[PDB]
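All remarks here apply to the structure that follows.
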Amino acid sequence: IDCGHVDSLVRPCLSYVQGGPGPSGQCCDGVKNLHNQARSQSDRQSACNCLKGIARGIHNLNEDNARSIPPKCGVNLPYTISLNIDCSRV
Ligand SMILES: CCCCC[C@@H](O)/C=C/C1=C(C/C=C\CCCC(=O)O)C(=O)CC1
């Protein structure tokens, strides 16, 4: 998606990405939605840029904690996250 509904849906996740319990079920719905939105090639580019703008901007943040989000609610992503991994320009 054009770096927008993703931006909205990550917010409930940010609590945990930054440092917290959960995240909430809303984020889990957000997770399957991110996986579903991030599928066309454009989408990977837009989501990746959204990320390189948002969380990279919020440097005080814990990507490796976020790693645990998918193996918890029960879902996976085409790639994890471009803070300590890569933009995944598929
Ligand atoms: C696990 C999915 C829920 C979000 C938690 C965490 O991974 C945060 C990701 C953020 C993103 C998206 C980052 C990468 C996209 C991965 C999914 C994909 O593109 O297939 C932003 O734009 C800012 C924060």
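FYI, it's all coordinate maths here, none of it is from the lab. Neighbour counts are summed over all protein chains in view; Cβ atoms, including those assigned to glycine, are modelled from backbone coordinates with ideal geometry.
Using a Förster distance of 35 angstrom, determine the FRET efficiency expected from the C-beta separation of residue 42 and residue 84, and round it to 0.05.
The computed FRET efficiency comes out at 0.90.
Residue by residue through the range 2-14, which ³J(HN,Hα) values in whole Hz follow from phi under the Karplus form 6.51 cos²θ - 1.76 cosθ + 1.60 (θ = phi - 60°), with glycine and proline marked x?
So the J values, rounded to whole Hz, are 6, 6, x, 4, 4, 3, 4, 5, 5, 2, x, 6, 2.
Could you compute the net charge surrounding residue 35? Neighbours are other residues with a C-beta less than 12 Å from the C-beta of residue 35; K and R count +1, D and E count -1. Each step should come with its number before you reach the end.
Numbers: positive: 32, 39, 44; negative: 29, 43.
Neighbourhood net charge equals +1.
Order of 25-32, 39-46 by packing, highest average Cβ count within 10 Å first? Let's see the in-between values first.
Working: 25-32: 17.1, 39-46: 14.2.
Most protected by this proxy first, the peptides run 25-32, 39-46.
Full extension from residue 60 to residue 18: what is 0.36 nm times the residue separation minus their Cα-Cα distance, to one decimal in nm?
Using 0.36 nm per residue and subtracting the Cα-Cα distance, I get 14.4 nm.
What does the charge count around residue 82 come to, taking other residues whose C-beta lies under 12 Å from its C-beta (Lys +1, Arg +1, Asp -1, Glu -1)?
That works out to +2.
Please work out the FRET efficiency for the pair residue 72 and residue 5, using the Cβ-Cβ distance as r and a Förster radius of 30 Å; give the result to the nearest 0.05. Could the numbers behind the result be given before it?
Numbers: r = 22 Å, r/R0 = 0.74.
Between residue 72 and residue 5 the formula returns 0.85.
Where does the chain land on Rg(C-alpha)/(2.2 N^0.38 Å)?
Here the Cα radius of gyration is 0.97 times the empirical estimate.
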